[PDB]
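Chemist: Before I ask anything, let me first share the structure, which is written out below as structure tokens.
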There are 2 protein chains.
Amino acid sequence: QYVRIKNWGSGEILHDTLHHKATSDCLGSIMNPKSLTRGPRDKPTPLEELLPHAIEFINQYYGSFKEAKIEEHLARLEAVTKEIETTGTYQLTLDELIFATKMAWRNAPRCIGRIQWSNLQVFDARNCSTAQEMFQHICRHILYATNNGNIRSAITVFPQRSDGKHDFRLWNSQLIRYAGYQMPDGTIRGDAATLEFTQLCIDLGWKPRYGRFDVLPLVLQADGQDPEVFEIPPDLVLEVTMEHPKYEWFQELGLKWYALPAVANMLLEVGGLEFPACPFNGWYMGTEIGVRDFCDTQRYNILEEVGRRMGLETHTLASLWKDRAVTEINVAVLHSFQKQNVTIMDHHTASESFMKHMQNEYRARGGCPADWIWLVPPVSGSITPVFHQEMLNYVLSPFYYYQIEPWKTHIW
Amino acid sequence: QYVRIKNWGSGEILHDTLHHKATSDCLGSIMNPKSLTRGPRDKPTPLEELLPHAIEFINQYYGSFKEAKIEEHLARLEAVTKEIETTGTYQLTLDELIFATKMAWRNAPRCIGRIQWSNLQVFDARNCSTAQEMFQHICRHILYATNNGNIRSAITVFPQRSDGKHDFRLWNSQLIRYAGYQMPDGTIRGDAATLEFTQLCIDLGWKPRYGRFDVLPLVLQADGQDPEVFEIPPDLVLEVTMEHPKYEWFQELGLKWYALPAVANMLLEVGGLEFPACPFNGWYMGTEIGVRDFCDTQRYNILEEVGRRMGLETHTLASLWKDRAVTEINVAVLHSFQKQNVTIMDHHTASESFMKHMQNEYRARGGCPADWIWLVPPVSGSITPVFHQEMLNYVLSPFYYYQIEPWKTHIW
Ligand code: HEM
Ligand code: HEM
Ligand SMILES: C[C@H](O)[C@H](O)[C@@H]1CNc2nc(N)[nH]c(=O)c2N1
Ligand SMILES: C[C@H](O)[C@H](O)[C@@H]1CNc2nc(N)[nH]c(=O)c2N1
Ligand SMILES: O=[N+]([O-])c1cccc2cn[nH]c12
Ligand SMILES: O=[N+]([O-])c1cccc2cn[nH]c12
């Protein structure tokens, strides 16, 4: 009938009717395509579907390392099949889970730090059962991951999905994130992107401290019950104060950002089993903070003013003042993280690494799922290698799917 | 079996086998997909296919302007049908051709200057018949288009394809382009991207002047005959000397570039009819010269040295020296074109315009074919609006398809 299209900048929406007149023989520019999402359930996974996937995975895992263990393979294959027919679902050996997480990461077409896919700390929280218990596992995660600035990649795996009405889910987009408050005088303070979610926290009893960098509360839902609100212990949230290595007035901007990039709302699918809650984290890439968080008009939007303070022709677009500015914001981010001994990688070194990984991936298994639109840094495109590298985007398994925002499909 | 992937940077090739293990339910990152190419022929277009397309077009053209001319419509419809059944193919009224070119441009998903789609000079050369005659039409084109710096968009349409063995084709990638010579001492002088083609010109009798900016010869093939070589009159090729508005040493780089961006090897398809030769041109966008031509490692590659001359940490990647440099090269390009009174638009203003166009397009006809991967400038991505705009890529009609390089499918 018509496809909806969103301009994440102005938020505006559009309905494309013209595409119907296409000749035939692409949704690559879409953000959250239903092909990359794995929604809710109401009934368990039909055994006929589960068994095939489960069998494949056990073959992937067992046919993973050098010199196989056929005895164990066929044994596990059997033990797994049986468990499925007797219990319905099944449990992955801790080793399998570890293998599962690293693979799913490895199979993440939008990630650029996949060269690190093997170095990942795994926290088995499959035995968890309450919100308070989640909050604890999450805190442990944050503490381990942060590591006083020397960031360590980790993922905490909560109980897999069973029937559907019993799902473990973190409502936050990511572990640490700033709140966005709509001020009385119309202005928007904080992270404009978290406006709607900040409200939900308010509605659930959270006390808004109306500031620019107020760390949002953890909103967790265990088993199936309603989400409970927990504030993250301030001692656990390490931040970095933004300061330029030449511009003294940069510190006067009063900017800062959290050191831990931990995605909290994705679903890890593996061997037919799916875990709707599994927060993971790596470390930041400069451009993410300096270009996205800081310069997007839908976020902190600091380009206009960082420009003036540089004596740039803010009103003459062709002067390339925007190019000039963002780069200085980037050096600030990079410089500040380096100065405050917090791990971070610049987009150039990062790209060179993905290219290295990508080639290691084809040589190792003839392939590497890669979404160009996401891998190319928000700045200095072609100055980067990945820009010139053609790539094939495809969903393998295990995989880290997206999921329908919980506050939509959830009866209280 | 396996899909081939090219790294246009190092030129390296790869075979993707892994994609076979995909779940299912994307080739968006590919350069020349067969879906965007319209190859050779050996027999005319089967009447059963031609008539339907032809009919549609006549409906598009006639149902174009306000208050239709039904009398003429049904009349043209008839006159066209008849002509097809009696002659085989058919001729477009000059008006239709004009409408055809503007539409095809309008339907170009990779173009960012489509807001200009209505302002396009059309040169009807459908009566042409020889190479020498082509060269003349092309020169006239260059002269009109250049207009002493005030660039004007234009397109010259040569005789449409008939049977297949009688094709008019320009062998050049674009009207004006620099030669790339492989030097004795291993080094590559000029435009490395034109290495193979420069050789073809040598093989066809062209005399190489072994320089950095030697304008390549026009290689045209008329009717069906072999391609003839013609040198473009130097008085017709307007260039711009690169100089920075602050760096005196920039002029010392000895850089320069042609002012006319004229794509010469594409095929205009319309109402079933296809014209394998129709060179068009608009005006340059800063980043194209400064970022692509100048900074691509596969081109003039000037980043390394422009860096040093700026006293940048050329050996410390994290210093963001590359970001800093390219921006200065961009200001040079932009500044030089402005100073030498030659039309050119910066990527920012250009993007803002495409966004304006895109919205004018949905409001006017609910759609606008847009390939994100191509519309997003090679630098300052998210600093641009189009980066955040989701878009649908689809091939409409009329369309400007690519085509198999002539020196491959051509018996002498
Ligand atoms: C170690 C450093 C890492 C870096 C530098 C890094 C960087 C990135 C970047 C730049 C993106 C795009 C994010 C955006 O613009 O919204 C991304 C996406 C992603 N990363 Fe990585 N990452 C790292 C580690 C990890 C780890 C440890 C995992 C998983 C265990 C992972 C899983 C993913 C996934 C699934 C996405 C997609 C998120 C989405 O679609 O919104 N990454 N990463
Ligand atoms: C008036 C100014 C114009 C500007 C600023 C402009 C700019 C651009 C840019 C940036 C691209 C991508 C080129 C690349 O990176 O390789 C492009 C592609 C294209 N443009 Fe436009 N353009 C303009 C006019 C035109 C005109 C007059 C036509 C046709 C009559 C046109 C047809 C196309 C086509 C078909 C492509 C695709 C070429 C390819 O796929 O290699 N453009 N243009
Ligand atoms: C691999 C990738 O498709 C390729 O290097 C690209 C991408 N997008 C592009 N964008 C433009 N405008 N022009 C190009 O040459 C390319 N090349
Ligand atoms: C419309 C477009 O898909 C969207 O704005 C993009 C594109 N690529 C991206 N790239 C990354 N890494 N992260 C993003 O949020 C986006 N968003
Ligand atoms: O930009 N990043 O660093 C980034 C983005 C998205 C997910 C992760 C995990 N670690 N770092 C990430
Ligand atoms: O970059 N450009 O200006 C550009 C690129 C590709 C085609 C045309 C035609 N005019 N300008 C063009």
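In chain A, numbers come from Swiss-Prot; the residues present are 77-101, 109-495, in order.
Recorded method for this deposit: X-ray crystallography, 2.9 Å.
For all residues, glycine too, the Cβ spot is worked out from N, Cα and C.
What Swiss-Prot records for A:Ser112, A:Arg375, A:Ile456, A:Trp457, A:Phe470 is (6R)-L-erythro-5,6,7,8-tetrahydrobiopterin binding site, and it gives experimental evidence as the kind of evidence. The heme b binding site annotation in Swiss-Prot covers A:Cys194, A:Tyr485 and is backed by experimental evidence. Residues or ranges marked as L-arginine binding site in Swiss-Prot: A:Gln257, A:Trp366, A:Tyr367, A:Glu371.
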Chemist: Spatially speaking, which of the binding-site residues A:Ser112, A:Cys194, A:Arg375, A:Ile456, A:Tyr485 is closest to A:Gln257 (L-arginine binding site)? Use C-alpha to C-alpha, please.
Modeler: A:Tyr485
Chemist: Ranking the binding-site residues A:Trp366, A:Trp457, A:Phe470, A:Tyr485 by other Cβ atoms within 10 Å, which is at the bottom?
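Modeler: Among the binding-site residues A:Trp366, A:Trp457, A:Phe470, A:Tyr485, the sparsest Cβ neighbourhood within 10 Å belongs to A:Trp457.
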Chemist: Could you check which of the binding-site residues A:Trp366, A:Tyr367, A:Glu371 is the closest Cα neighbour of A:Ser112 ((6R)-L-erythro-5,6,7,8-tetrahydrobiopterin binding site)?
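Modeler: Nearest candidate: A:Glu371.
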Chemist: When you rank A:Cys194, A:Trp366, A:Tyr367, A:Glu371 by Cα distance to A:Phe470 ((6R)-L-erythro-5,6,7,8-tetrahydrobiopterin binding site), which of the binding-site residues ends up on top as the closest?
Modeler: A:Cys194
Chemist: Where ligand 1 binds, which of the binding-site residues A:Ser112, A:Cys194, A:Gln257, A:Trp366, A:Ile456 are close by, with Cβ under 6 Å?
Modeler: A:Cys194, A:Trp366
Chemist: Binding-site residues A:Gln257, A:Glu371, A:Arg375, A:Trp457: which sit with Cβ under 8 Å of a chain B Cβ?
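Modeler: Filtering A:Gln257, A:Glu371, A:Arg375, A:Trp457 for a Cβ under 8 Å from chain B leaves A:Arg375.
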Chemist: Taking the Cβ of A:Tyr367 (L-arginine binding site) as the reference point, list residues of the same chain whose Cβ is under 8 angstroms away and which are at least six residues distant in sequence.
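Modeler: For A:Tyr367 (L-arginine binding site), the qualifying residues are A:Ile234, A:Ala342, A:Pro344, A:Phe420, A:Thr426, A:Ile427, A:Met428.
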Chemist: Can you tell me the CA-to-CA distance separating A:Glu371 (L-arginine binding site) and A:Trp457 ((6R)-L-erythro-5,6,7,8-tetrahydrobiopterin binding site), as a whole number of Å?
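Modeler: Per the Cα atoms, A:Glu371 (L-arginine binding site) and A:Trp457 ((6R)-L-erythro-5,6,7,8-tetrahydrobiopterin binding site) stand 12 Å apart.
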Chemist: Rank aside, I only need the closest one: which of the binding-site residues A:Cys194, A:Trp366, A:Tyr485 has its C-alpha nearest to that of A:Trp457 ((6R)-L-erythro-5,6,7,8-tetrahydrobiopterin binding site)?
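Modeler: Result: the closest of the binding-site residues to A:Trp457 ((6R)-L-erythro-5,6,7,8-tetrahydrobiopterin binding site) is A:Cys194.
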Chemist: Need one number for the (6R)-L-erythro-5,6,7,8-tetrahydrobiopterin-binding residues A:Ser112, A:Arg375, A:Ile456, A:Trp457, A:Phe470: the maximum pairwise CA distance in Å, whole number please.
Modeler: 18
Chemist: I'd like to verify something. Among the binding-site residues A:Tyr367, A:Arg375, A:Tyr485, which ones have a C-beta closer than 6 angstroms to some atom of ligand 4?
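Modeler: By the Cβ criterion, which requires under 6 Å to ligand 4, there are no hits.
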Chemist: Express as a whole number of angstrom the distance that separates the Cα of A:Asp101 and the Cα of A:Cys109 across the 7-residue gap.
Modeler: 11
